[PDB]
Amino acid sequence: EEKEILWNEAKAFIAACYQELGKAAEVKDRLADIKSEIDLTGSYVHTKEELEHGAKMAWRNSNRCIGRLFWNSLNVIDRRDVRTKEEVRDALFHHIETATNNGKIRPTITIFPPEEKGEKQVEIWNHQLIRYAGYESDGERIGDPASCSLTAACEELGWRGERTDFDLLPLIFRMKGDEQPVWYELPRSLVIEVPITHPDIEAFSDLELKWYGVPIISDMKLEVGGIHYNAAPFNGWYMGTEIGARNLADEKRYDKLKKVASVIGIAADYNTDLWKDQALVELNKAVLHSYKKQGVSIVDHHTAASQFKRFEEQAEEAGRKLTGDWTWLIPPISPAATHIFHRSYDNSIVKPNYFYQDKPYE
């Protein structure tokens, strides 16, 4: 039980990790040191090299991610030494600052202590480290509907949002042995935000839309050789459609297409006018324009798919199977204008990888 699965994943991982690092000779002894450690202790501890390359492999294996060309330049921050809430908080603050990098975003992951055996050492409640709160009372909706349950969790613990449409949620996480999480307001100085303007349509600013600079996904588990890093927030830069075609456009999110139609001067009355499609394009142009104007990293979906084609080519050249989720790789805007749409992808799950895990709240 347990201890044998771990040993199994350890061999598979160390073998492949050391091959890729050109250290195949050291596999026998390292598996023989892991040998004993799992016997005596029930677990084993990755070297800094194994953990860094493991997190990079996990990104490379993420079937749904179009951005995987850059998997090998991931900036991995080893924070397995953290023991206190102040240290977790400061490491999360640090992640924001160094990932943001004044707008020239650095793909970064901060890795906290892995679970003991099932027991989390640190449990992060945020979905992303920077995200907007969401409210619904009396049928007035404010903010980001996808954040309603966490926002309400946060307000149970004594936080109170100003109830703008763009309240920054606090960092919220629980330590092993604490019954409740703590929360910390984000220092505003750390959070870049981009007002959404349009290159051509001066009135687009009347919408008073903004989005934050850096998506830092903080609720996924990193699995590396049987070790379960449930707390390992990571970030890339945005692909513009995530903001323009989903966050700001979806009916169950900010639902802005009808307001976009009005400010760009087209009627939103007939499906055959394709006003939603037109508003989608103009909003997505505005998002790319705005991030570029402010000097915040962003990629459009055409360039992203172009990079992903190079990832595919690199995989074949390296003899690695390519895996991918066609339904998530195609962009939600003009998908058939990318090569992705016109091919198929094996959706097999390879480890190391990032995985969903149950929310600690409800």
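In case it trips you up, residue 1 is the first one in the sequence shown, and so on.
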| item | value |
| --- | --- |
| Of 333-341 and 34-42, the stretch whose C-alpha atoms average the higher B-factor in the entry | 34-42 |
| Of 176-184 and 260-268, the one with larger mean CA B-factor | 176-184 |
| Residue with highest C-alpha B-factor in the PDB entry, from 161, 233, 199, 170 | 199 |
| Criterion, highest CA B-factor; candidates, 126, 284, 72, 137 | 137 |
| Third assignment of residue 54 from its chain's C-alpha B-factors | middle |
| Ranked C-alpha temperature factor of residue 278 among modelled chain residues, by third | lowest |
| B-factor third for the C-alpha atom of residue 205 within its chain | middle |
| Record-listed C-alpha B factor of residue 300: chain third | lowest |
| Lowest, middle or highest third - CA B-factor, residue 60 | middle |
